[PDB]
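Read in order, the letters of the sequence shown correspond to residues 1 to 92, 97 to 166, 178 to 235 in the entry's author numbering.
Ideal placement from N, C-alpha and C gives every residue a C-beta, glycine not left out.
These notes are about the structure you will find just below.
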Amino acid sequence: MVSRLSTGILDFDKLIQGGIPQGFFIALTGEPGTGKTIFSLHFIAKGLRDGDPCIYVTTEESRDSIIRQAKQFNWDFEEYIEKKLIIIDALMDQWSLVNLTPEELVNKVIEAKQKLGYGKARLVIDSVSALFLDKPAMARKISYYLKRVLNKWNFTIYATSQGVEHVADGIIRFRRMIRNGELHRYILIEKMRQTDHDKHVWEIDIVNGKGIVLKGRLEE
Ligand SMILES: [Zn+2]
Ligand SMILES: [Zn+2]
Ligand SMILES: [Zn+2]
Ligand SMILES: [Zn+2]
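Right, here's the structure in full:
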């Protein structure tokens with residue numbers, strides 16, 4: 001039916017008929033510390049292992065932090081750098101963003117894509133909200149532009165945010192909750208075009224050396 005890219009989490013792929021539709025713009029929404037970056041690292045890790053060109057744009061953390069985080073889950077991004085992976089640091097060389105504007109970000113991503121060569125690509129923009137902190141009302145116009153142009157350049161895109180959702184082809188929501196001294200984390204596919212997606216909230220775990228693990232389905 002459609003060409004789907006694995007999330008890197010098999011149990012999650014089951015929830016969306018094999019994975020994310022190629023060319024989609026996917027909004028990952030939720031409070032800080034809810035697993036959105038890790039979820040994204042899975043997507044890139046899987047792409048890299050698949051031979052996909054991969055680009056990760058980071059606006060809150062350093063490139064090194066992203067790399068260290070990935071190592072936590074037995075992903076080794078270092079030797080892919082400038083070969084099949086470019087991490088663009090919007091928090092701070098040629099793969100840096102001076103100004104956090106939408107066009108500067110796209111131009112830099114396209115520059116990176118030219119370095120990495122032909123082929124379907126994965127892009128993470130973590131986070132897309134950094135683009136409109138000061139222009140909250142531009143969120144929709146910015147996301148439409150980002151989606152149109154990045155899809156044109158053969159990307160399937162994850163965009164984290166802590178109008179984006181409405182422009183997005185899919186929406187995955189992340190939650191955390193403390194109850195009786197316990198932390199519980201949850202994920203929900205709120206929207207996914209062209210996909211008979213699961214509508215249940217799922218409990219997830221973040222496990223060292225593994226990453227996000229689906230623990231079970233919530234009812235009602
Ligand atoms: Zn570095
Ligand atoms: Zn729990
Ligand atoms: Zn739906
Ligand atoms: Zn049910």
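Item	Value
What is the DSSP secondary structure of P21, reduced to helix, strand or coil?	strand
So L150 is in the alpha helix (DSSP H); what residue range does that whole segment cover?	143-156
Starting from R191, trace the beta strand (DSSP E) both ways and give me its first and last residue.	185-194
What does a CB cutoff of less than 6 Å around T210 pick up in its chain, not counting 5 residues either side in sequence?	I16, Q17
Report yes if the C-beta of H212 is less than 7 Å from at least one heavy atom of ligand 4; otherwise report no.	no
Could you compute how far the alpha carbon of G178 sits from the alpha carbon of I129?	16 Å
Are the segment 27-34 and the segment 188-198 touching, with three or more C-beta to C-beta distances below 8 Å?	yes
Can you tell me whether DSSP reads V102 as helix, strand or coil?	coil
Using three-state DSSP, classify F12 as helix, strand or coil.	helix
Near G23, what residues of its chain come up, given a Cβ to Cβ distance below 7 Å and the 5 sequence neighbours on each side ignored?	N155, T160
Are the Cβ atoms of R208 and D184 separated by less than 8 Å?	yes
In three-state DSSP terms, what is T37?	helix
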